[PDB]
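**Q** I need the structure of the sequence given here:
(chains A, B, C, D and E, ligands or ions: 14)
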Amino acid sequence: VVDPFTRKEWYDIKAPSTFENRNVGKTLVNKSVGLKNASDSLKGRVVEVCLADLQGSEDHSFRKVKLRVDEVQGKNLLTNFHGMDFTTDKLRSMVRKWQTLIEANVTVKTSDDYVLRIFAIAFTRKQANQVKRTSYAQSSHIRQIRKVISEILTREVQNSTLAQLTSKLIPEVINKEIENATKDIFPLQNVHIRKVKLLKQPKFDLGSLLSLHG
Amino acid sequence: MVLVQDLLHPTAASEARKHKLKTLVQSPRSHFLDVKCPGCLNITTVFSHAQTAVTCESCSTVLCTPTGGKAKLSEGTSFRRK
Amino acid sequence: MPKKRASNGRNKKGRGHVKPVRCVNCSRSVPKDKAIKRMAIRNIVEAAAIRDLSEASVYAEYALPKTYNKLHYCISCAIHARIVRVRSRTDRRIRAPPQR
Amino acid sequence: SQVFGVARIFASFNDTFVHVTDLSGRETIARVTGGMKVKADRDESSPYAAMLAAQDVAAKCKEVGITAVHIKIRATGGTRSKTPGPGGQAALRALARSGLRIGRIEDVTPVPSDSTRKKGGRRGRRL
RNA sequence: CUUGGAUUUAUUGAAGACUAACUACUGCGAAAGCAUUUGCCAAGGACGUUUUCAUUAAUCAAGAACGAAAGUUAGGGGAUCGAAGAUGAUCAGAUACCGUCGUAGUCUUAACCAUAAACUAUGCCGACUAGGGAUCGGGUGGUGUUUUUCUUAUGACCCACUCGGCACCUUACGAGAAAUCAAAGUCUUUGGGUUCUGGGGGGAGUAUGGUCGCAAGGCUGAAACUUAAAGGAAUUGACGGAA
Ligand SMILES: [Mg+2]
Ligand SMILES: [Mg+2]
Ligand SMILES: [Mg+2]
Ligand SMILES: [Mg+2]
Ligand SMILES: [Mg+2]
Ligand SMILES: [Mg+2]
Ligand SMILES: [Mg+2]
Ligand SMILES: [Mg+2]
Ligand SMILES: [Mg+2]
Ligand SMILES: [Mg+2]
Ligand SMILES: [Mg+2]
Ligand SMILES: [Mg+2]
Ligand SMILES: [Zn+2]
Ligand SMILES: [Zn+2]
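**A** Numbering: from 1, shown residues only, chains lettered A, B, ... in the order given. Ligands and ions are numbered 1, 2, ... in the order given. Please see the structure below:
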C-alpha cells in the first residue's frame, strides 16, 4: 500500500513559437527524489496534440503535431516538433474510389544533423466536364508526379535549417508548390504533407533551442 | 450497310473513316509535307511521320520531332502539303 | 451442375489468379473479387449520443468525424446477415446498386 | 482554464477500456474497464458495464483535478475486427453525461498497411 | 492468464514476414502468376510506318521451357493463424466443429517434384454473318473548353471516327437436350486448315510391367469379373436449423 497520487508534481507543456501559443497544456510526473531524478525522466516526452489547438483556427483541425520534451527549465518544459501528423479520420475521407492517389516519401538531411522523412499525399482530379467516371492518371504520369514531389522536398527540406521547414509546412506553401509543379503532368486535388517523421539528432544543442523561445 | 449497299462506290466520308487498309483499295493518308526552316531558304520534302530527328539538308536546325504518329514540327516552322 | 453465373467471382476475367483478402467476420481467405465489399461510413458518435456529446463539448461546429471501414465478407458469411439477399434466376442479372 | 486529458476508449469485442491520460500519454489517471465493474464474464463489452466504467473514470478524474478530455477510440485492430465495440459509444455517452468536458474526438484504431496473417486459417472460423 | 501492475499507456530495438487503403465486370503476362519506393537489367504486345526481306507461314506425335499450393532435402526465421497434438464444453457418445493453446510449416533462401474445380469445366489458326454503348492502349480530326506566363505550346478533358484486350438486349432465321450461345453460329443444304482427347457404368487411374523421382508421388496403363442402368439438362412436386 503506497498510493503515489498524493506524491505528484504538475508541470506545464511549453510549445515552440512557430505557432500562435507557446503553451500546450499541463502534464505531470513524480518528484525529483534521490537516485531517480525528474528532469531526466522528462527529457524525452512526446506530446501529440492538434494543430488547431495551437493555431486556433479550424483550417488546421485537419492536422496534429508530436512535440518532444527536450529542456526542462523552471517547471515549464520546452518541446520540439518531433513529428507532424494527420489523424486517420482526415486522410481516410480523402481516399475515395474512382480516382488515383499519389504518395511520396522523402528522406532529407537538413542543414543541422536532423534526417527528416517527409511524406506527400496527392489525389488525382475529377476534372470539370468529366464523364469518364474514373480520373485515373497513367502510371508513368504518376511516377513523374512522384519524382517532381521528391525534387521539391529535396529543394525545400535540406535548405533552411529545419525550424524554418516546419514553419513552411504550417500553411501548405509546399503543397501549393507541388500542385503547381504537377499541373502540366496532371491536375490533382488536395495535395498534403500528411506526416513528418524524424531519424537522427546530434547533441541537444541547448543554446539553439533557447533561441527558439523568446 | 443493310441488304443493298452497292459496294463499288462508297461515299468518300466512309472511306476516310475506315482504316488505311480496310477500304476498297489500299491507300495511305500520310503526306510529304514540304517544310521550310527559319534559317536557309530551301525546301525539305518531309514525310509527315518522320521516325527521325529530321535535320535540314546540311545545317543542324531540327525540323520535326518524330512523335509515334505524325511529327511535331519543332518550334515556329512553316510547311507546304505533299 | 450448370453455371449459376457467367462471372462467378466476377472481377477475375483475363486476370489469371489474383491476390486474396481475409474476411472481417470469419477470417476466411476470400479472393478480392468474390468478396462483397461494403463500405461502412459510420459517424464516430451514435445518433442519439451526438446530442449528449454536443452538450458536453467545448468549441462550435466540431469535427464530428466519420469512421471508414471497407469491410470484406466471405460470401457465405455475407449471406448470413449482410448485403447478399438470395435472388430469383432472372433477378440475378441485375448489377445496379440497390435502393436509391 | 480547462485542464485536459486524453480519454482513450479501447472498445474491443468482449471488453471495453476507458484509460484517461495526460497529453504526453505517460502519466495516467484512471484505467477503468468493463469487466472490472460487472463480474459476469459475458457482461464486459456489454453497454451498462462500459457506462459504469466511464462513470468511475470520470469520478477519478474529478478527484484528481481534470476538466476536459480528448476522445481517442481504439478498436482491437490489425489482426482483429477494426470495428469499434458495442460499448465504446455507450462509454462516450456516459462520459458526456458525467459533465467531464469533451474536445477533439478521434478513432486511432491501428488499421495497418497490409497486416501480418489474420485469424482462422484459410477456411476461416467455422461455428 | 497475472498482479511481485500482466494487460493497458508511451518511446525504442531486433528479427524475418508481408506489402492494405488504393482496387474497378480495371491492367499486364505463354500459363502458373503479377499491386509501396526508386533504380538498374533486358525482353514484350498494341500502335504507327509511301521502312526492309520475299513464303521465312498454320498446327503439331519425338522431345523441350515454365509451372499454384503443399510435401520434400538442405539453410534462415518463426508474429499470428496453425494438419499434428494438448485440452474445455456439448450430446446416448464426438480424439468433431465451437473453445483455448500450438512442433511443421506458413514467409523466405538453395534444390526438387510436375500435380490442381492449373476451369472460360469452352484447343489452336483462319474467314464471314446484328444492333449497342461504354471501358483500357494506340492514333486522327475538331477556330470545342479550360489551364494562363499575353498568341500560347505541352497537359486534361469533350465529341466523332479509328484500330485493340481481361465486358449487356432482342429476335433468332443460325445453335443447342436445355440451361443458354453473337458463338457453343455459317452441320443430314453434312468437306476452311490442324493437334489432341472420348466410346454404358463400375472394377480402376487399380494390377502388372515400363519409365521418372530423395521420397510422397508422377507419366504410362490392363483384364478377369460385375451390372441395367450411370449420367446430363430441366418440369412439377415434397422438403430445407435458406431469404
Ligand atoms: Mg447446385
Ligand atoms: Mg461432373
Ligand atoms: Mg490477356
Ligand atoms: Mg488460372
Ligand atoms: Mg491499371
Ligand atoms: Mg500500396
Ligand atoms: Mg509432348
Ligand atoms: Mg512451398
Ligand atoms: Mg484450432
Ligand atoms: Mg474434450
Ligand atoms: Mg468403360
Ligand atoms: Mg440434375
Ligand atoms: Zn541548310
Ligand atoms: Zn466471413
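**Q** which single residue of chain B ends up nearest ligand 14?
**A** Residue of chain B nearest ligand 14, by CB to the ion: residue B:68 (48.5 Å). Every C-beta, even on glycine, is put in place using the N, C-alpha and C of the backbone.
**Q** ugh, typo on my part, it should be chain A
**A** residue A:97 (21.8 Å).
**Q** now do the contacts for residue A:206.
**A** Neighbour list for residue A:206: residue A:71 [criterion: CB atoms under 8 Å, 6 or more residues apart in numbering or on different chains].
**Q** before we move on, back to that, quick check: the residue of chain B closest to ligand 14 is in a strand.
**A** No: counting by DSSP: H, G, I helix; E, B strand; the rest coil, residue B:68 is not found in a strand; it is coil.
**Q** give me the residue at the spatial middle of chain C.
**A** residue C:38 (1.4 Å; CA atoms, centre = their mean).
**Q** that residue contacts residue C:82, correct?
**A** Yes: applying CB atoms under 8 Å as the test, residue C:38 and residue C:82 come out as touching, 6.7 Å apart.
**Q** need the residue closest to the centroid of chain A.
**A** Closest-to-mean residue, chain A, CA atoms, centre = their mean: residue A:84 / 1.6 Å.
**Q** ok, residues contacting the helix or strand harbouring that one?
**A** Here residue A:84, judged by DSSP states H and E, is contained in strand A:77-85. With contact meaning CB under 8 Å, 6+ apart, strand A:77-85 is reached by A:11-16, A:18, A:24, A:27, A:42, A:45-48, A:51, A:63-72, A:166, A:169, A:193-198, A:209, A:212-213.
**Q** 6 Å - rerun?
**A** A:11, A:14-15, A:42, A:46, A:64-71, A:166, A:195-196 (CB atoms under 6 Å, 6 or more residues apart in numbering or on different chains).
**Q** next step: the residues you listed restricted to strands.
**A** Counted as lying in strands by DSSP state E, out of the contacts of strand A:77-85, are A:11, A:14, A:46, A:64, A:65, A:66, A:67, A:68, A:69, A:70, A:71, A:196.
**Q** mind putting the residues you listed into JSON lines with distance to residue B:75 and neighbour count?
**A** Shown next, in JSON lines, are the ones in strands among the contacts of strand A:77-85 (distance: CB to CB, whole Å; neighbours: other CB atoms under 10 Å in any protein chain shown):
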{"residue": "A:11", "distance to residue B:75": "68", "neighbour count": "20"}
{"residue": "A:14", "distance to residue B:75": "60", "neighbour count": "23"}
{"residue": "A:46", "distance to residue B:75": "57", "neighbour count": "16"}
{"residue": "A:64", "distance to residue B:75": "51", "neighbour count": "21"}
{"residue": "A:65", "distance to residue B:75": "50", "neighbour count": "28"}
{"residue": "A:66", "distance to residue B:75": "52", "neighbour count": "19"}
{"residue": "A:67", "distance to residue B:75": "55", "neighbour count": "26"}
{"residue": "A:68", "distance to residue B:75": "55", "neighbour count": "18"}
{"residue": "A:69", "distance to residue B:75": "61", "neighbour count": "23"}
{"residue": "A:70", "distance to residue B:75": "58", "neighbour count": "21"}
{"residue": "A:71", "distance to residue B:75": "61", "neighbour count": "18"}
{"residue": "A:196", "distance to residue B:75": "44", "neighbour count": "20"}
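**Q** and stretch A:19-26, which residues are buried?
**A** Neighbour-count burial for stretch A:19-26, counted by 16 or more other CB atoms under 10 Å in any protein chain shown, picks out A:19, A:22, A:24, A:25, A:26.
**Q** I meant stretch B:33-40, not that one.
**A** Here stretch B:33-40 shows B:33, B:35, B:36, B:37 as buried, counting by 16+ other CB under 10 Å.
**Q** what of stretch D:116-127?
**A** The neighbour-count check on stretch D:116-127 (16+ other CB under 10 Å) flags D:118, D:120, D:124 as buried.
**Q** tabulate these (JSON lines), appending secondary structure and distance to RNA strand E.
**A** Below are those laid out as JSON lines (DSSP: H, G, I helix; E, B strand; the rest coil; distance: CB to the nearest atom of the strand, whole Å):
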{"residue": "D:118", "secondary structure": "coil", "distance to RNA strand E": "6"}
{"residue": "D:120", "secondary structure": "coil", "distance to RNA strand E": "5"}
{"residue": "D:124", "secondary structure": "coil", "distance to RNA strand E": "7"}
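**Q** look up the closest residue to residue D:28, ignoring the ones flanking it.
**A** residue D:21 (5.1 Å; CB to CB, 6 or more residues apart in numbering or on different chains).
**Q** bridging residues for that neighbour?
**A** Under DSSP bridges, the beta-bridge partners of residue D:21 are residue D:6, residue D:28.
**Q** picking that back up, please name the strands paired to the helix or strand hosting the residue nearest to the centre of chain C in the sheet, noting orientation.
**A** With secondary structure defined by DSSP H and E, residue C:38 is part of strand C:37-43. With DSSP bridges as the test, strand C:37-43 is paired with strand C:66-72 (antiparallel).
**Q** now check the strand it pairs with, is it near RNA strand E?
**A** Yes: applying CB under 7 Å from any atom of the strand, one finds strand C:66-72 touching RNA strand E at C:70, C:72.
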